[PDB]
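This report concerns only the one structure given below.
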Amino acid sequence: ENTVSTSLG
Amino acid sequence: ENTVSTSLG
Amino acid sequence: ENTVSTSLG
Amino acid sequence: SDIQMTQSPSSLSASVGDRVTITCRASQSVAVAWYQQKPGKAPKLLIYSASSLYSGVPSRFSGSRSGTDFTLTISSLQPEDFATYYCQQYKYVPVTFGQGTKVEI
Amino acid sequence: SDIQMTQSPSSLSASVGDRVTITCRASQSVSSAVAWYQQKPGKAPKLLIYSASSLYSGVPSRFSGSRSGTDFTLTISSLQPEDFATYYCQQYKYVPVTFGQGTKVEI
Amino acid sequence: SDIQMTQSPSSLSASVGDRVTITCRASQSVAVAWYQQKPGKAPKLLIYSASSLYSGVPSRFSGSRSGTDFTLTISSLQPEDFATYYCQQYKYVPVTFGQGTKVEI
Amino acid sequence: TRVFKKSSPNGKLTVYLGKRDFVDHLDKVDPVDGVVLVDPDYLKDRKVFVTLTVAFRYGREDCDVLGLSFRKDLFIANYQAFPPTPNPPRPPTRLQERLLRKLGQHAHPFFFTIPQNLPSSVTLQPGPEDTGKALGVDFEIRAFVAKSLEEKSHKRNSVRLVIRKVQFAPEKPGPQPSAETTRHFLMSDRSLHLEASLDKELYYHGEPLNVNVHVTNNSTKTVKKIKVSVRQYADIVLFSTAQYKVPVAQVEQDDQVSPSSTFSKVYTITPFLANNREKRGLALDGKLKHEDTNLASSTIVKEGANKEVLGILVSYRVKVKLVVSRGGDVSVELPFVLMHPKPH
Amino acid sequence: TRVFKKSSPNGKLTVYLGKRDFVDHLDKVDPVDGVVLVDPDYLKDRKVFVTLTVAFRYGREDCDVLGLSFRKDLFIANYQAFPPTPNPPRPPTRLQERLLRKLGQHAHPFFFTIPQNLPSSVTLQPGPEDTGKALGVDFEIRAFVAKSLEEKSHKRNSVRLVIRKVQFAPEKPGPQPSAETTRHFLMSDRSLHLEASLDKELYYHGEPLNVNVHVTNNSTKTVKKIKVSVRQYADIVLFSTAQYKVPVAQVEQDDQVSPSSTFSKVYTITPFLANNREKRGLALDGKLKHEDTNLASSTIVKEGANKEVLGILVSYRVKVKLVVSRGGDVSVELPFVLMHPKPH
Amino acid sequence: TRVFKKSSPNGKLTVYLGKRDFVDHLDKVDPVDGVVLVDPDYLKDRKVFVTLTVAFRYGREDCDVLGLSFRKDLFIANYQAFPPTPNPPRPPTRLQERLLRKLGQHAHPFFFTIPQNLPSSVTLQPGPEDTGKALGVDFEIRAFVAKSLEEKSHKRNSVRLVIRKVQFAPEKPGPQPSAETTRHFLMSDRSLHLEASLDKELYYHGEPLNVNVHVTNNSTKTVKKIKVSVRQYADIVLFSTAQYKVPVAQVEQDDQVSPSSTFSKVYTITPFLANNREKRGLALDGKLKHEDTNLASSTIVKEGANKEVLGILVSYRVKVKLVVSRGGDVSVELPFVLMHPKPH
Amino acid sequence: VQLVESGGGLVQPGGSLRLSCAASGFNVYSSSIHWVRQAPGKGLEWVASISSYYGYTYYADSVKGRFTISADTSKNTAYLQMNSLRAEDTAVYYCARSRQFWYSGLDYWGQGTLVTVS
Amino acid sequence: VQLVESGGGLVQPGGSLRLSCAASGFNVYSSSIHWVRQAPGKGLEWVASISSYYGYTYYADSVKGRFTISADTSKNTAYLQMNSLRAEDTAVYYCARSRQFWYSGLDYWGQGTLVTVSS
Amino acid sequence: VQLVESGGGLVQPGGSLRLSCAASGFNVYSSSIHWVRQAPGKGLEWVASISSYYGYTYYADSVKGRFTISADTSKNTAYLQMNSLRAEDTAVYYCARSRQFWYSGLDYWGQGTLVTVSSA
């Protein structure tokens, strides 16, 4: 629904 | 001059 | 500059 | 300037099962509907566009166009078919009705 | 600024059959937009040459005109007995249009 | 709402040469900078974007990110590294500061 | 039966046509057939040509009003009326043969086929400054006499006839419209959920729309009001994919949905033209010359590869919006089609 | 004789042109002959290129702070002045060879040919909101030094010269304009007849137009007013055929034609520019830079019925309208051409 | 590190991206690497497609009730996410393979390349009559699932992402600007000369510009005013080469240069956005959704090989104008570039 | 589908009387409402009409100005406000319905209400 | 083709005088009308001009504001309304015609009318 | 590059005091100016900010309307006009700088000036 961020490790 | 109708046989 | 005339002989 | 619609005869008589036709002549070319009125009741539409039969009415009623003249025809007169018939045009405003045709028994 | 047309000589005299020339010096360049007019004594002027070289319709062929930079000359091949008059030089490249001082050609 | 930025511990003591770390947790996700203030002096920027070391800062200072928690680490604590350290966010207006952490001998 | 007859201003050229409105059944458009009558002595080395053209037009540029008048062709076809070409394809039909019997051998049949990708007849509503006429796509039949197709027209030996391409409601009902959207708050499980649906997919012109909305406001936020609207989307693809959207009907209900409470209601809304007269650019159905016509029917196309249509495509959707208090709003859009029923 | 010259602002590149207006004779237009002077050392292995371009323009590079300034090319030609191209066209013109003799080896002839289908020089009249120049079609000659045509160099070492393409009145009288229109009545055999005819096909600029009108009002309706006007039709075709029509002259006479009576009169109307300076979008003749010019001359077209003339085409017509009581007005249009006489 | 993640409104289709701004260093552009996550159970023989499009848009599909929402494409690329196509490019990027390891086997990489001939992200400033958005060119990454490229065009099952193409200041300084013009009075040997120059060729956003003017007014005419300004040129060539120039900063000084004397001064002028809010059509740097961006950076290009970029090109120039009595005006223009320094 | 007229009776000349035609079974925007009066003995005669879709009301020249027709779309009901009643206005009044789109005759009629002026 | 001007005589200094040049044989929109005066002895001197096509009137600096030139299309006639007449305004006044498209000298001249100013 | 604060002292409660941060070595349009106060016995706290490039000005909710910060771009200087001074406004005030474009923290700080509020 919206642009967020993620760790990717 | 104008669009008019006529009787088909 | 601008347009001008000349003799051409 | 309004369209004058005249239908004839003013009245007619047929015992039963006879061929009865009614004509209606438009003053200017016109989009014709026919209505039947029982005495003391409201009219009910019979034919629209001068040829299209209305839904539910018997197939004996029929209509046709010949130039600026319109004809309402009944193949066989039912015992309950005595009434006054009206001829209407709705090509131009105002709409005009016929003078009626009292089809007696 | 205003353009000053200087015409010389102020007057000249030559017998019939001679050849004369009249010059007209423009203070500023007029791009060959020069006309020559001839006036008889007590009469309206008549156009002779327009664009400094084009001879007007009906004018006899003995009248000639040429351009050399900012100098314009009017030439007559042979002075006819009726060719005596006052000749004027005019430019019409800029408004106002300015005339020459005249050149009285005598008999 | 306004970001509640909390850093711990309020104070810590370690002799010269020890390794220390200071954490910092935001109320919600945020763009974190660390400043070091000597007593009686204006603060001096150390790390911006929570990882990028500022120009001229000794390499012993380090910064890391783990979700919402941010940590400031000194690998080898120099004898002059005793001061008060602050934690700041600049993702949203207003910009909030940490409560400070006094590193002592 | 009857046929339509129009003649050239000089009276020496006359074109006969069977119908004025030609329908397409999503797979085959009604062929345009007719005959053209010309005085044999009037033309000796001349030839009779009939052309069918559909084009974007901002006002006719063959009339008498002064100003700008655009014209962008979308499809053009030609036919040699006289002398006749080889008869195939499309040998004369019953109407053509009856007309040729009626007026003898001095009439000549002409045949046209309307390709599938062509758009329907849509006229945009003129504004106060758009005197005379406005933008629209329309079909035209022109019969003229000339030595060649490139020869300039005298305008006094040519006759122009306006025809329409129309669509009717498909007899197969579609899926029931329905759409729901849940607004969620990151604080905790206090999601606000609403569901909106209609009772059918196809509506007739003037038929009311019944839309049911169920709201489950489980958050502390309250709904100030609920509004339901119908909006028309017009797609203009002459050069670039422009789009005009305009609300054709709105209903406002000051219904308060209290926090931690459920709401349910049915709204009735009917789009019509009496209240949309001033909306410039509103898509209307194809007009013959100037007669009043209703809102443009939805330009429906059956699946396929969705070939690029460079006319005006009109669609309709229902917009349901909740304005929750102290910030935020949740909306639902569910589309529907709107067109005339098939005549009997 | 004389010859025009212009030089780059750096004063190193100079182009010579013998004329500024090139006349179109409907079978061939005057070729563009000239030479360009440049020192062979300043080039330093660079190439001198001369290009002829005609393009739609809304404002030139006038350094005006106004933002919008459109430009759409219509024709582009190129010529490599230095080093010389192959021989054809092998013989230089007399003007070219005389200029080369006058200037020496540092001048290089360049030759251009204008195709038949190109439009003439037309300038649209700027409106009150438009500052500086306005829309129009104009010709241009540019000389510049670069390694290739596509190189983005220091573009201040270039010289731009504006030339014109013009037409003059054909030296033959055309057919005399005339048009009749009879208004028939369905209610009876009465008919109102209107006649209108001019005296010449071609009119000069400033020459009055005489229109002869004959009216046979054999009906109960009374003619209330008679209007005679001259209209200018401008066909702006660049992507779609857009037409702008604007009246340039009018005359009004309260000549009431009584029922069952005959009427005949001659009206004199002269189109000029003084009364219609305010008319935005009015077609004017091509200007060099800003000088005042008259109404646009009509654009005659090649007799081969050629198409795709991508420019502005201007024509004139005379409209005579009869104001009839109870509506039902009748109008007549007479087309005529407006030109300049051929110079001597 | 971090990556950007967006999901479909249905919540089943998710696209992963590593960056938002992709750098253009005039030889290569950063490829659009990423993976898309979708559950094959929902697929059911459906195919996932990812399209990269740069378009000349005006407005958006943000349920804003207003038309004229233009959209012109500039470049279209497609990629079949699932099922996988042939391998090339063979090696998935390090970010791509890391994301695939993190997410498992339900993610599929997608790769894109940005050709050199594409424009950067430029947004034109909206005016008072515009709402929601205005004209501008921007990039978009869209992921959708359908049997074909036009099978499931409904918005409720696709995810759209906005990215940017940016350029930074080249590290190689350019030539020092300078421009001289001499106003020769063609009556005597009297003349007027003026020189203008800049200290650098490239300036950062917010960095002041130091321009120095040297005037040797060896004339009787007196200079009454000196104007120094910075202008922005926006080339909007899409099918016709339109241009828009607007002054972004001005400084004026009532410096009267006395006749037969000399003048020298240094002017400091800084262009910023605080005083240019009202200037409709002003070019701004490409926005992501609605945030404030500074003045548009000049669009630099490679050393030659111009290929007629179809987007918006912005350039800056400094104009020095001297107001002199009774005509004889003289002005000087010298260009400069405006860029951000390359990030560390 | 039904139509019911109401508002009969007797009104002195120069008076006024409003008739309400309550419609049921059809929408007021998909149909047009017309009034037709039939004098005793004399046949039918159309007096007034209304089109709610376009917002047009039409009147016969014998009733122009005096008679006014209006419809309330909330309850699908039409009204005929008659003013300046004269002796020739007496007739049985039928409110009739026709398709708004592509009129095909007055298919539905009301039972009729008698109006007298004396 | 002809050009006749009338309205001469004597006017006291500071007065006014209007002269009408009646034009026959040519249209007023395809030609321009000019007034050229010639003082006794002194050569020619342009005074004023009018262009009915463009609606522009030009005056010499010595008569600017003082003199006004006008014409009407119906009668094919032009007028020169002179006001504030001074002693240097005496001359023989010729009304001349020139081609509108384009100027090629004053081909046609009037008969010449005499205007005198004295006390 | 330097920043200097001036305008300290003591002000009675309800009074007013304006401090001037004289900037040097950087442009006012390429950088942003922030005021951060540090009350004794308390860490840092942001007060007000100004962006000369965008023409924007931001305040903390505790100084909203009360305090006003403006910049004189001609001489690269910023001022903080405090009104309705209260007893909680006493602190050492530092004027800081950050890059206007993509700010990366308050890199440059002033020497700090002391502001005291008491009923004296």
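Every chain in the structure tokens takes a letter, A first, then B, and so on in the order presented; its residues are numbered from 1, and the ligands are numbered from 1 following the presented order.
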Exercise for the section: Name the residues in contact with residue 5 in chain C at a cut-off of 9 Å, using only C-alpha atoms, excluding same-chain residues fewer than 5 positions from it; report them as an NGL selection string. Expected result: (:E and (31)) or (:H and (2-6))
Exercise for the section: Do a neighbour search on residue 295 in chain H at 8 Å with only C-alpha atoms, toss out local chain neighbours closer than 3 positions, and write the hits as a PyMOL selection string. Expected result: chain H and resi 272-273+283-285
Restricting the output to N, CA and C atoms, write the selected residues as a PDB file, in the first residue's frame.
ATOM      1  N   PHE H 272      -9.631  46.604 -46.382  1.00  0.00           N
ATOM      2  CA  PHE H 272      -8.344  47.198 -46.050  1.00  0.00           C
ATOM      3  C   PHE H 272      -8.033  46.905 -44.587  1.00  0.00           C
ATOM      4  N   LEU H 273      -6.886  47.406 -44.127  1.00  0.00           N
ATOM      5  CA  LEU H 273      -6.336  47.022 -42.834  1.00  0.00           C
ATOM      6  C   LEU H 273      -6.646  48.004 -41.712  1.00  0.00           C
ATOM      7  N   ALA H 283      -4.783  36.943 -41.187  1.00  0.00           N
ATOM      8  CA  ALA H 283      -3.647  36.619 -42.038  1.00  0.00           C
ATOM      9  C   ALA H 283      -3.124  37.875 -42.721  1.00  0.00           C
ATOM     10  N   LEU H 284      -1.824  38.114 -42.586  1.00  0.00           N
ATOM     11  CA  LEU H 284      -1.148  39.233 -43.221  1.00  0.00           C
ATOM     12  C   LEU H 284      -0.016  38.706 -44.091  1.00  0.00           C
ATOM     13  N   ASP H 285       0.457  39.554 -44.997  1.00  0.00           N
ATOM     14  CA  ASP H 285       1.575  39.171 -45.840  1.00  0.00           C
ATOM     15  C   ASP H 285       2.844  39.030 -45.004  1.00  0.00           C
TER      16      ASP H 285
END
Exercise for the section: Tell me, as number ranges by chain, which residues lie within 10 Å of residue 1 in chain C, counting only C-alpha atoms; anything in the same chain fewer than 6 positions away does not count. Expected result: H: 6-11, 159; I: 184
Can you write out the residues you just picked, keeping C-alpha atoms, as a JSON list (two decimals), in the first residue's frame?
[["chain", "number", "residue", "atom", "x", "y", "z"],
["H", 6, "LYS", "CA", 25.14, 40.28, -43.83],
["H", 7, "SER", "CA", 27.90, 39.19, -41.48],
["H", 8, "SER", "CA", 28.29, 37.23, -38.27],
["H", 9, "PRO", "CA", 28.61, 39.25, -35.03],
["H", 10, "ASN", "CA", 32.25, 38.14, -34.87],
["H", 11, "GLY", "CA", 32.64, 39.72, -38.32],
["H", 159, "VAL", "CA", 24.50, 34.65, -39.72],
["I", 184, "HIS", "CA", 29.78, 51.03, -32.80]]
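Counting from CA of residue 110 in chain G, the distance to CA of residue 95 in chain G is 11.6 Å.
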Exercise for the section: Per DSSP on the backbone, filter chain E down to the residues in strand (DSSP E) and report them as JSON, numbers by chain. Expected result: {"E": [5, 6, 7, 8, 11, 12, 13, 20, 21, 22, 23, 24, 25, 26, 34, 35, 36, 37, 38, 39, 46, 47, 48, 49, 50, 54, 55, 63, 64, 65, 66, 67, 68, 71, 72, 73, 74, 75, 76, 85, 86, 87, 88, 89, 90, 91, 98, 99, 103, 104, 105, 106]}
Under the rule of at most 12 Å, produce a per-residue listing of chain D near chain B: chain, number, name, the closest pair of atoms, and the distance in Å, as CSV, using only C-alpha atoms.
residue,atom,partner,partner_atom,distance
D:29,CA,B:5,CA,10.1
D:30,CA,B:5,CA,10.7
D:65,CA,B:7,CA,10.0
D:66,CA,B:7,CA,8.6
D:67,CA,B:7,CA,7.5
D:68,CA,B:7,CA,11.0
Keeping only N, CA and C atoms, write those residues as a PDB file, in the first residue's frame.
ATOM      1  N   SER D  29     -47.185  16.001 -43.172  1.00  0.00           N
ATOM      2  CA  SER D  29     -46.502  14.732 -42.949  1.00  0.00           C
ATOM      3  C   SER D  29     -45.956  14.645 -41.530  1.00  0.00           C
ATOM      4  N   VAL D  30     -46.121  13.477 -40.916  1.00  0.00           N
ATOM      5  CA  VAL D  30     -45.688  13.260 -39.542  1.00  0.00           C
ATOM      6  C   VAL D  30     -44.742  12.066 -39.458  1.00  0.00           C
ATOM      7  N   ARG D  65     -49.660   2.455 -43.082  1.00  0.00           N
ATOM      8  CA  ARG D  65     -49.408   3.817 -43.526  1.00  0.00           C
ATOM      9  C   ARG D  65     -49.394   3.872 -45.047  1.00  0.00           C
ATOM     10  N   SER D  66     -50.040   4.900 -45.598  1.00  0.00           N
ATOM     11  CA  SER D  66     -50.014   5.178 -47.036  1.00  0.00           C
ATOM     12  C   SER D  66     -49.846   6.688 -47.184  1.00  0.00           C
ATOM     13  N   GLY D  67     -48.596   7.131 -47.282  1.00  0.00           N
ATOM     14  CA  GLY D  67     -48.303   8.549 -47.353  1.00  0.00           C
ATOM     15  C   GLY D  67     -48.676   9.285 -46.083  1.00  0.00           C
ATOM     16  N   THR D  68     -49.527  10.303 -46.207  1.00  0.00           N
ATOM     17  CA  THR D  68     -50.009  11.065 -45.065  1.00  0.00           C
ATOM     18  C   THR D  68     -51.365  10.576 -44.571  1.00  0.00           C
TER      19      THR D  68
END
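CA of residue 96 in chain L is found 10.2 Å from CA of residue 37 in chain L.
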Practice task
Restrict the distance test to only C-alpha atoms, flag each residue of chain D within 10 Å of chain J, and return the flagged residues as JSON, numbers by chain.
Solution key: {"D": [31, 32, 33, 34, 35, 37, 40, 41, 42, 43, 44, 45, 46, 47, 48, 49, 52, 54, 55, 84, 85, 86, 87, 88, 89, 90, 91, 93, 94, 95, 96, 97, 98, 99, 100, 101]}
Range 22-26 of chain E: which residues within 8 Å, counting only C-alpha atoms, same-chain residues fewer than 6 positions away excluded, as a PDB file with C-alpha atoms, in the first residue's frame?
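The result, stored in selection_23.pdb:
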ATOM      1  CA  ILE E   3      18.589  63.662 -44.823  1.00  0.00           C
ATOM      2  CA  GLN E   4      19.848  66.711 -46.721  1.00  0.00           C
ATOM      3  CA  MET E   5      19.794  66.439 -50.515  1.00  0.00           C
ATOM      4  CA  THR E   6      22.392  68.745 -52.080  1.00  0.00           C
ATOM      5  CA  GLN E   7      21.946  69.417 -55.802  1.00  0.00           C
ATOM      6  CA  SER E   8      24.493  71.230 -57.967  1.00  0.00           C
ATOM      7  CA  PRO E   9      24.842  73.415 -59.905  1.00  0.00           C
ATOM      8  CA  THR E  70      25.243  58.187 -52.330  1.00  0.00           C
ATOM      9  CA  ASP E  71      25.479  60.388 -55.453  1.00  0.00           C
ATOM     10  CA  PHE E  72      22.653  60.552 -57.999  1.00  0.00           C
ATOM     11  CA  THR E  73      22.896  62.189 -61.426  1.00  0.00           C
ATOM     12  CA  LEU E  74      20.237  63.233 -63.936  1.00  0.00           C
ATOM     13  CA  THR E  75      21.440  63.420 -67.539  1.00  0.00           C
ATOM     14  CA  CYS E  89      15.938  65.762 -56.738  1.00  0.00           C
ATOM     15  CA  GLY E 100      16.649  69.297 -53.837  1.00  0.00           C
ATOM     16  CA  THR E 103      18.753  73.567 -60.994  1.00  0.00           C
TER      17      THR E 103
END
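Pairwise distance (CA of residue 70 in chain I, CA of residue 118 in chain G) equals 22.0 Å.
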Practice task
Name the residues in contact with residue 13 in chain L at a cut-off of 6 Å, using only C-alpha atoms, excluding same-chain residues fewer than 2 positions from it; report them as number ranges by chain.
Solution key: L: 15, 85-86
Using only C-alpha atoms, tabulate the residues of chain D lying at most 12 Å from any atom of chain H, each with its closest atom pair and that distance in Å to one decimal, by chain and increasing residue number, as CSV.
residue,atom,partner,partner_atom,distance
D:1,CA,H:187,CA,11.0
D:27,CA,H:187,CA,11.5
D:28,CA,H:187,CA,10.3
D:29,CA,H:186,CA,11.8
Got time to write the residues from that selection, C-alpha atoms, as a compact mmCIF listing (two decimals), in the first residue's frame?
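Below you can see part-v9.txt, which holds the result:
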# COMPACT_ATOMS: atom_id res chain seq x y z
CA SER D 1 -49.37 25.84 -37.71
CA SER D 27 -52.70 17.72 -42.67
CA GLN D 28 -48.89 17.68 -42.80
CA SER D 29 -46.50 14.73 -42.95
Problem - Residue contacts of range 17-19 of chain D (7 Å, only C-alpha atoms) excluding same-chain residues fewer than 3 positions away, as JSON, numbers by chain - result: {"D": [14, 74, 75, 76, 77, 78]}
So that I have them on file, write out the residues from the current selection with N, CA and C atoms, as a PDB file, in the first residue's frame.
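Result file is again17.pdb:
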ATOM      1  N   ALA D  14     -71.665  -2.144 -37.410  1.00  0.00           N
ATOM      2  CA  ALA D  14     -71.461  -3.483 -37.948  1.00  0.00           C
ATOM      3  C   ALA D  14     -71.975  -4.475 -36.920  1.00  0.00           C
ATOM      4  N   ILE D  74     -59.822  -3.647 -38.276  1.00  0.00           N
ATOM      5  CA  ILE D  74     -60.182  -4.763 -37.410  1.00  0.00           C
ATOM      6  C   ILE D  74     -60.691  -5.885 -38.303  1.00  0.00           C
ATOM      7  N   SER D  75     -60.055  -7.054 -38.207  1.00  0.00           N
ATOM      8  CA  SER D  75     -60.419  -8.169 -39.077  1.00  0.00           C
ATOM      9  C   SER D  75     -61.809  -8.699 -38.747  1.00  0.00           C
ATOM     10  N   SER D  76     -62.078  -8.944 -37.467  1.00  0.00           N
ATOM     11  CA  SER D  76     -63.377  -9.430 -37.023  1.00  0.00           C
ATOM     12  C   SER D  76     -63.768  -8.696 -35.754  1.00  0.00           C
ATOM     13  N   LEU D  77     -65.009  -8.218 -35.705  1.00  0.00           N
ATOM     14  CA  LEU D  77     -65.484  -7.428 -34.575  1.00  0.00           C
ATOM     15  C   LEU D  77     -65.949  -8.360 -33.465  1.00  0.00           C
ATOM     16  N   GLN D  78     -65.231  -8.349 -32.347  1.00  0.00           N
ATOM     17  CA  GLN D  78     -65.644  -9.102 -31.179  1.00  0.00           C
ATOM     18  C   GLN D  78     -66.912  -8.491 -30.587  1.00  0.00           C
TER      19      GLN D  78
END
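Within 9 Å of residue 23 in chain L, once only C-alpha atoms are used and residues closer than 2 positions along the same chain are dropped, the contacting residues are residues 1, 2, 3, 4, 21, 25, 26, 27, 28, 75, 76, 77 and 78 of chain L.
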Would you mind exporting the chosen residues as a PDB file, in the first residue's frame, restricted to N, CA, C and O atoms?
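So again_35.pdb came out as:
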ATOM      1  N   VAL L   1      35.377  29.243   8.204  1.00  0.00           N
ATOM      2  CA  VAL L   1      34.045  28.914   8.694  1.00  0.00           C
ATOM      3  C   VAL L   1      33.956  29.144  10.195  1.00  0.00           C
ATOM      4  O   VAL L   1      34.746  28.597  10.962  1.00  0.00           O
ATOM      5  N   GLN L   2      32.987  29.955  10.609  1.00  0.00           N
ATOM      6  CA  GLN L   2      32.790  30.239  12.022  1.00  0.00           C
ATOM      7  C   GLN L   2      31.362  30.710  12.242  1.00  0.00           C
ATOM      8  O   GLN L   2      30.689  31.171  11.317  1.00  0.00           O
ATOM      9  N   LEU L   3      30.908  30.577  13.485  1.00  0.00           N
ATOM     10  CA  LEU L   3      29.616  31.090  13.916  1.00  0.00           C
ATOM     11  C   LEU L   3      29.805  31.742  15.276  1.00  0.00           C
ATOM     12  O   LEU L   3      30.430  31.153  16.163  1.00  0.00           O
ATOM     13  N   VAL L   4      29.275  32.952  15.439  1.00  0.00           N
ATOM     14  CA  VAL L   4      29.446  33.725  16.662  1.00  0.00           C
ATOM     15  C   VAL L   4      28.078  34.159  17.161  1.00  0.00           C
ATOM     16  O   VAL L   4      27.295  34.747  16.406  1.00  0.00           O
ATOM     17  N   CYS L  21      23.292  35.584  15.328  1.00  0.00           N
ATOM     18  CA  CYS L  21      24.302  34.592  14.974  1.00  0.00           C
ATOM     19  C   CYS L  21      25.005  35.069  13.708  1.00  0.00           C
ATOM     20  O   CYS L  21      24.454  34.964  12.607  1.00  0.00           O
ATOM     21  N   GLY L  25      32.132  32.327   6.316  1.00  0.00           N
ATOM     22  CA  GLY L  25      32.741  31.220   5.616  1.00  0.00           C
ATOM     23  C   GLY L  25      31.794  30.358   4.810  1.00  0.00           C
ATOM     24  O   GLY L  25      32.260  29.470   4.084  1.00  0.00           O
ATOM     25  N   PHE L  26      30.486  30.581   4.907  1.00  0.00           N
ATOM     26  CA  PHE L  26      29.522  29.826   4.123  1.00  0.00           C
ATOM     27  C   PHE L  26      28.372  30.737   3.718  1.00  0.00           C
ATOM     28  O   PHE L  26      28.105  31.757   4.356  1.00  0.00           O
ATOM     29  N   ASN L  27      27.694  30.349   2.643  1.00  0.00           N
ATOM     30  CA  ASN L  27      26.573  31.118   2.129  1.00  0.00           C
ATOM     31  C   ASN L  27      25.300  30.788   2.896  1.00  0.00           C
ATOM     32  O   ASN L  27      25.117  29.672   3.389  1.00  0.00           O
ATOM     33  N   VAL L  28      24.413  31.779   2.996  1.00  0.00           N
ATOM     34  CA  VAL L  28      23.170  31.586   3.733  1.00  0.00           C
ATOM     35  C   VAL L  28      22.138  30.808   2.925  1.00  0.00           C
ATOM     36  O   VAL L  28      21.182  30.277   3.503  1.00  0.00           O
ATOM     37  N   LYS L  75      24.160  40.041   4.637  1.00  0.00           N
ATOM     38  CA  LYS L  75      25.408  39.978   5.390  1.00  0.00           C
ATOM     39  C   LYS L  75      25.621  38.626   6.059  1.00  0.00           C
ATOM     40  O   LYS L  75      26.478  38.508   6.941  1.00  0.00           O
ATOM     41  N   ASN L  76      24.864  37.603   5.657  1.00  0.00           N
ATOM     42  CA  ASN L  76      25.007  36.245   6.181  1.00  0.00           C
ATOM     43  C   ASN L  76      24.889  36.230   7.708  1.00  0.00           C
ATOM     44  O   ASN L  76      25.828  35.895   8.432  1.00  0.00           O
ATOM     45  N   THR L  77      23.710  36.617   8.188  1.00  0.00           N
ATOM     46  CA  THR L  77      23.450  36.696   9.617  1.00  0.00           C
ATOM     47  C   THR L  77      22.020  36.249   9.885  1.00  0.00           C
ATOM     48  O   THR L  77      21.130  36.436   9.052  1.00  0.00           O
ATOM     49  N   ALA L  78      21.809  35.647  11.054  1.00  0.00           N
ATOM     50  CA  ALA L  78      20.490  35.217  11.490  1.00  0.00           C
ATOM     51  C   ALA L  78      20.231  35.733  12.897  1.00  0.00           C
ATOM     52  O   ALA L  78      21.157  35.901  13.695  1.00  0.00           O
TER      53      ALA L  78
END
Handout entry: Expected answer as a PyMOL selection string: chain H residues within 10 Å of chain K, only C-alpha atoms
Key = chain H and resi 204-208+270-277+292-294+340-341
Problem - Residues of chain I within 12 Å of chain H, counting only C-alpha atoms, as a ChimeraX atom specification - result: /I:179-183,229-248,279-283,301-308,317,319,321,331-335
Practice task
Enumerate as a PyMOL selection string the residues belonging to chain E that approach chain C to within 12 Å, with only C-alpha atoms taken into account.
Solution key: chain E and resi 29-32+67-70
